[PDB]
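Working notes for the structure below.
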Amino acid sequence: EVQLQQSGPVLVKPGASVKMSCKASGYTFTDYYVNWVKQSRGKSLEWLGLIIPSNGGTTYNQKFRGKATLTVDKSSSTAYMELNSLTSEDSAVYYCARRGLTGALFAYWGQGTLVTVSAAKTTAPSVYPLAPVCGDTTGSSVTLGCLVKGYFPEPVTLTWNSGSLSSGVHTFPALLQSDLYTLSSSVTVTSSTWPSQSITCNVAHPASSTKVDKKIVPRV
Amino acid sequence: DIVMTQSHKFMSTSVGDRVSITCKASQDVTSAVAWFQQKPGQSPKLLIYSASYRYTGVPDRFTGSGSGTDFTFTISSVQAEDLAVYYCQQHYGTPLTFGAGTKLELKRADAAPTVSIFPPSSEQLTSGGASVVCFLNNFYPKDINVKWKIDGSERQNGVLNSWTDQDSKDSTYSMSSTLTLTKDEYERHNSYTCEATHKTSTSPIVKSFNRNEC
Numbered sequence: 001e002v003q004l005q006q007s008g009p010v011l012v013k014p015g016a017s018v019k020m021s022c023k024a025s026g027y028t029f030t031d032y033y034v035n036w037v038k039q040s041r042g043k044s045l046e047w048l049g050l051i052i053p054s055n056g057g058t059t060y061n062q063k064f065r066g067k068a069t070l071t072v073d074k075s076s077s078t079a080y081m082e083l084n085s086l087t088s089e090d091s092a093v094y095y096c097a098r099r100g101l102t103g104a105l106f107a108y109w110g111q112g113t114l115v116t117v118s119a120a121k122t123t124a125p126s127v128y129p130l131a132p133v134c135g136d137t138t139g140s141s142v143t144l145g146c147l148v149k150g151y152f153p154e155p156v157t158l159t160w161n162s163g164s165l166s167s168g169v170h171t172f173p174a175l176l177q178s179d180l181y182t183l184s185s186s187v188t189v190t191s192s193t194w195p196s197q198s199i200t201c202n203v204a205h206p207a208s209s210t211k212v213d214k215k216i217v218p219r220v
Numbered sequence: 001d002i003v004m005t006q007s008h009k010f011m012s013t014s015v016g017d018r019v020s021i022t023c024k025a026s027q028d029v030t031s032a033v034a035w036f037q038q039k040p041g042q043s044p045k046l047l048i049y050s051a052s053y054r055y056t057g058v059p060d061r062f063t064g065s066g067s068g069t070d071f072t073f074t075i076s077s078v079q080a081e082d083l084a085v086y087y088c089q090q091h092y093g094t095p096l097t098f099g100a101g102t103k104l105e106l107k108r109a110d111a112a113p114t115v116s117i118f119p120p121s122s123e124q125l126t127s128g129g130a131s132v133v134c135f136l137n138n139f140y141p142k143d144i145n146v147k148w149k150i151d152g153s154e155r156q157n158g159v160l161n162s163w164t165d166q167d168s169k170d171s172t173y174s175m176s177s178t179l180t181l182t183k184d185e186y187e188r189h190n191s192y193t194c195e196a197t198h199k200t201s202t203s204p205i206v207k208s209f210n211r212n213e214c
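Chains as they are written, first to last, in the deposited numbering: chain H, 1 to 220; chain L, 1 to 214.
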């Protein structure tokens, strides 16, 4: 069947360039045009342009003229897209697509290639355990927190008790501030089982080869 | 550039219900409109093309119509797997463009948020920072207002909010609000408050603490 396989994620600094691929299979490459689409964080979709495999002819969205360059290698049934003079505004997921039936545009999509542009330096997160207010809390259930601040790049893997607690967990999307990410996670436990039955926040950040544990302890 | 505007950013429905999403083109685009469905972590998927034709394999519950500037996308009977983001697109003009999307969500009984406030961790203060965190969890609907109050005065500067998508299990929403100040400034105020305003109550849910008071 028709398949479009895109290359892996890339992380570069402002001013750099990147070249990604889109390998077609399951059909005769030169039989259809290859379109490219950009989707930025908030899920905003924008058309970048298209290339005609047989001739290499290209059509671009005026907005991306000079920023993106489309090319093809008929030999390997692969389409490429190169971005230059990158800026944080170029960070997004880029898709390649092909039409179907007759006139059914964007019927087939690649899985997308994530591009992240930032001047930030790899920074391991500061992990802070958040115990309840010193005063007291009500009820038999209690919520605890974990603040993961000042890291780069994404992602981090946060777990509670090494993953043993998941049901009452809420891990929020990270927020970018001054080139660094921050996220928080809360866990709610029942039956007055804290602090009697220990709870620890674990955070792994592969980019910095770090893994830290922070036990939640009553404030004293 | 032709702008495609969708009827809503979010829509709530129930399994078995009939739902319709509309899109308006800023200019006549004849019937060169398509509708896509997208799930988290996945690529968009073509459902309707040329305004009214179902793409190969698309279930009969999906239909669309329109020509000119006003288009409709309809799900005759919503199924659980249909909760996702839907986008319209026009390809009559250049460049072709997409609407901003409409997220179809599941309706459930209203639920007040569970609010918890957290003073800065001792470890963070040693670095000169002071983040006060407030979690507002498992509420419905998504509409909510959080405001911070320091010694009775409302504070907006230094506050960052983060939201989770509707939970797949209990259909509720959760939010985290963080007020970040320096240790220097944090140590010059006594009472810290995070109050949440939600339709489930005319009165705000207030969580507070006084610095250094144990």
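Every residue, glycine too, gets a C-beta built ideally from N, C-alpha and C.
Where residue i falls, given that 16 or more other Cβ within 10 Å makes a residue buried
| i | result |
| --- | --- |
| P153 (chain H) | buried |
| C134 (chain L) | buried |
| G128 (chain L) | exposed |
| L147 (chain H) | buried |
| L96 (chain L) | buried |
| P9 (chain H) | exposed |
| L101 (chain H) | exposed |
| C96 (chain H) | buried |
| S186 (chain H) | buried |
| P40 (chain L) | exposed |
| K169 (chain L) | exposed |
| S196 (chain H) | exposed |
| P206 (chain H) | exposed |
| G57 (chain H) | exposed |
| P155 (chain H) | exposed |
| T193 (chain H) | exposed |
| residue 291 (chain L) | Examination of residue 291 (chain L) is not possible in this model, given that chain L is present from 1 through 214 alone. |
| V3 (chain L) | exposed |
CB-CB length for residue i against residue j, believed under 8 Å
| i | j | result |
| --- | --- | --- |
| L70 (chain H) | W109 (chain H) | 16 Å between Cβ atoms; not a contact. |
| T200 (chain L) | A111 (chain L) | 7 Å |
| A32 (chain L) | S50 (chain L) | 7 Å |
| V189 (chain H) | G168 (chain H) | 6 Å |
| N145 (chain L) | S174 (chain L) | The pair is not a contact, with the Cβ atoms about 15 Å apart (cut-off 8 Å). |
| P113 (chain L) | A196 (chain L) | 6 Å |
| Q39 (chain H) | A79 (chain H) | At roughly 18 Å, the Cβ-Cβ gap does not stay under 8 Å, so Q39 (chain H) and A79 (chain H) are not in contact. |
| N61 (chain H) | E46 (chain H) | 7 Å |
| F106 (chain H) | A34 (chain L) | 7 Å |
| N84 (chain H) | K63 (chain H) | Contact flag wrong, Cβ pair sits at about 15 Å. |
Residue from the options whose Cα sits closest to the Cα of residue i
| i | options | result |
| --- | --- | --- |
| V132 (chain L) | H:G145, H:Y94, H:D73 and H:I52 | H:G145 |
| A204 (chain H) | H:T78, H:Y151 and H:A131 | H:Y151 |
| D90 (chain H) | H:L50, H:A120 and H:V18 | H:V18 |
| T116 (chain H) | H:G135, H:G49, H:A104 and H:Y94 | H:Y94 |
| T102 (chain L) | L:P119, L:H91, L:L83 and L:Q90 | L:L83 |
| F71 (chain L) | L:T63, L:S77 and L:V78 | L:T63 |
| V217 (chain H) | H:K211, H:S198 and H:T210 | H:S198 |
| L125 (chain L) | L:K149, L:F139 and L:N212 | L:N212 |
| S75 (chain H) | H:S196, H:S118, H:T87 and H:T30 | H:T30 |
| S43 (chain L) | L:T69, L:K9, L:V78 and L:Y87 | L:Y87 |
| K149 (chain L) | L:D143, L:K142 and L:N157 | L:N157 |
| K9 (chain L) | L:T22, L:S52, L:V115 and L:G66 | L:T22 |
| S26 (chain L) | L:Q89, L:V85 and L:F36 | L:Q89 |
| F139 (chain L) | L:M11, L:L46, L:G152 and L:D165 | L:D165 |
| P132 (chain H) | L:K147, L:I2, L:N210 and L:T30 | L:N210 |
| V115 (chain L) | L:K24, L:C194, L:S203 and L:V15 | L:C194 |
| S76 (chain L) | L:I2, L:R188 and L:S14 | L:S14 |
| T74 (chain L) | L:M11, L:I205 and L:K142 | L:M11 |
| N55 (chain H) | H:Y33, H:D179 and H:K43 | H:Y33 |
| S122 (chain L) | H:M20, H:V220 and H:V12 | H:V220 |
Cut-off 6 Å between Cβ atoms - residues of its own chain near residue i, not counting five sequence neighbours on either side
| i | result |
| --- | --- |
| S176 (chain L) | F135 and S162 |
| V2 (chain H) | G26, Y27 and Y108 |
| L175 (chain H) | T182 |
| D167 (chain L) | none |
| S7 (chain L) | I21 and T22 |
| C22 (chain H) | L4, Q6, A79, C96 and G110 |
| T143 (chain H) | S186 and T188 |
| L160 (chain L) | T178 |
Close-in-space but distant-in-sequence residues of the same chain around residue i (CB under 8 Å, 5 per side omitted)
| i | result |
| --- | --- |
| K121 (chain H) | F152 |
| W160 (chain H) | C146, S166, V169, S185, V187, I199, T200, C201 and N202 |
| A109 (chain L) | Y140 |
| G112 (chain H) | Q6, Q39, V93, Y94 and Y95 |
| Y55 (chain L) | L46, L47, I48 and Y49 |
| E185 (chain L) | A130 |
Nonlocal neighbours in the same chain, by C-beta distance under 7 Å from residue i, ignoring five residues either side
| i | result |
| --- | --- |
| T87 (chain H) | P14 and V117 |
| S67 (chain L) | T30, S31 and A51 |
What are the uninterrupted segments assigned as alpha helix (DSSP H) that are 4 or more residues long and contained completely in the region 1-34 of chain H, given in chain order? none
List in chain order: all unbroken beta strand (DSSP E) runs of 3+ residues lying wholly within the region 18-98 of chain L. 19-25, 33-38, 45-49, 62-66, 70-75 and 85-90
Quick one: complete beta strand (DSSP E) runs, 3+ long, within the region 135-212 of chain H? 142-151, 157-160, 169-171, 175-177, 180-189 and 200-205
Going along the chain, which unbroken runs of the beta strand (DSSP E) with 3 or more residues stay wholly within the region 102-141 of chain H? 104-109, 113-117 and 126-130
Quick check on the DSSP output: what are the complete beta strand (DSSP E) runs of length 3 or more inside the region 138-172 of chain L, in order along the chain? 145-150, 153-155 and 159-163
Considering only residues of the region 47-76 of chain H, which uninterrupted beta strand (DSSP E) runs meet the minimum length of 3 residues and lie entirely inside it, listed in chain order? 57-60 and 68-73
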